[PDB]
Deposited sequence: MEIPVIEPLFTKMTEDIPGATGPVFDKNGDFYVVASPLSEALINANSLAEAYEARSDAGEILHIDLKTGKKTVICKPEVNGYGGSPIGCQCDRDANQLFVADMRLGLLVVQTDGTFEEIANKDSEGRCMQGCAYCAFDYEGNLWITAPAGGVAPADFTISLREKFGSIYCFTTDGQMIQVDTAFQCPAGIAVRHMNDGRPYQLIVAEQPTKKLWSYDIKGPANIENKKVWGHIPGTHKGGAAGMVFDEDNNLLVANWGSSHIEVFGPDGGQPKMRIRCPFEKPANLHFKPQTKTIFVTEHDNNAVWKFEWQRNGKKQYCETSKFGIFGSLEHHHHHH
């Protein structure tokens, strides 16, 4: 397997459980602080022990100054946001939260909780990662048990993690379940803009699953799509496509980001990181620059990739 060792530049530090790197439509950069994430890493099992409410930070990319935008809590229950995407129609962030479900967060710091329950009427589970398709439907992973006020649990040892689609008609549809800690998630699109495949990381099992997408909340042909190397504690966390539809995957605990070609299988290349625990990654729009969050130093870095990123939904035109 070829390996590259590109230069990484540190942008900021001292952000517990650093995750959800995202750019909005104005090109502003946000990251998520997650005390619960950091705690789950330091614990020896059931420990997670009341944690503080994680918040969303604006990070100035020239100066490194952090500004707290929002510290979500609902009804005394601190949120644990973990993954972010920017909307297309309007400038707002959709934030998967392991305690509160799906949030929509404004730049001025107000936020709405989107779903107490799903469309079949079952309680909502805590959400971690999300990806918009080009239709505006949000696919979401849910590795946690029920949202607050249920006790916090995560499917890291047992199969109860679920997948949702929040559709453009505002329905939260459970589309699959019994995952062991579903993590990063992505939508492979055809060159003509059609959504084609849903890729979901199952973290501790060192597997990437795929489904064929036939429409809003309509998936089939569930298959193991990619093998993640290594026997370390961890496995695939965040993931993003490049313009050529190669899938880059943070392999938490391995010191590498894995690169898969469009047909999956085994990684075609690995990216060696100067740290063991890459967690999440996102491209700077219209650039080759990848921002990566990391749990050795609770830091955010950047490196230049060989090509530009795939457009997110937020970068596409209403026309």
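Engineer: In sequence order, what intervals of the deposited sequence carry no C-alpha positions?
Structural biologist: No C-alpha coordinates exist for 1 to 2, 51 to 53, 325 to 337.
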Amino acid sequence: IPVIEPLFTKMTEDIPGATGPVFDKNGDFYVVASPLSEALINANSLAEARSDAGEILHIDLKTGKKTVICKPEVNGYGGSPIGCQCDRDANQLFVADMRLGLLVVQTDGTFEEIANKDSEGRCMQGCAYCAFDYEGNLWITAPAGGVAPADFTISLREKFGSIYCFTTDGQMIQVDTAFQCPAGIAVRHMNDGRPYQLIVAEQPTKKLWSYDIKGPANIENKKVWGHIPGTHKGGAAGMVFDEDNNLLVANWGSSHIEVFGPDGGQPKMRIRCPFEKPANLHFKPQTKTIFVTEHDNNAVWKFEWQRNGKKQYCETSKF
From here on, numbers count along this sequence of modelled residues.
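Engineer: May I ask you to compare 178 to 186 and 71 to 79 by their mean CA B factor in the entry and name the higher one?
Structural biologist: Stretch with the greater average CA B-factor: 71 to 79.
Engineer: Mean CA B-factor: is it higher for 58 to 66 or for 256 to 264?
Structural biologist: Of 256 to 264 and 58 to 66, the stretch with the higher C-alpha B-factor average is 58 to 66.
Engineer: Taking the values straight from the PDB record, which of 219, 247, 102, 142 has the highest C-alpha temperature factor?
Structural biologist: Across 219, 247, 102, 142, the entry lists the biggest C-alpha B-factor for 102.
Engineer: Name the one of 116, 210, 205, 162 with the greatest CA B-factor according to the PDB entry.
Structural biologist: 116 has the highest C-alpha B-factor of those listed.
Engineer: Among the chain's modelled residues, which third holds the C-alpha B-factor of residue 135?
Structural biologist: CA B-factor rank for residue 135: middle third.
Engineer: Is residue 34 in the lowest, middle or highest third of its chain when residues are ranked by C-alpha B-factor?
Structural biologist: Tercile = middle for this residue's CA B-factor.
Engineer: Residue 277's Cα B-factor: lowest, middle or highest third of the chain?
Structural biologist: It belongs to the lowest third of the chain when residues are ordered by C-alpha B-factor.
Engineer: Lowest, middle or highest third: where is residue 155 by Cα B-factor in its chain?
Structural biologist: It falls in the bottom third of the chain.
Engineer: Quick check for you: using the entry's CA B-factors within this chain, is residue 191 in the lowest, middle or highest third?
Structural biologist: Within its chain, residue 191 is a highest-third residue by C-alpha B-factor, going by the deposited values.
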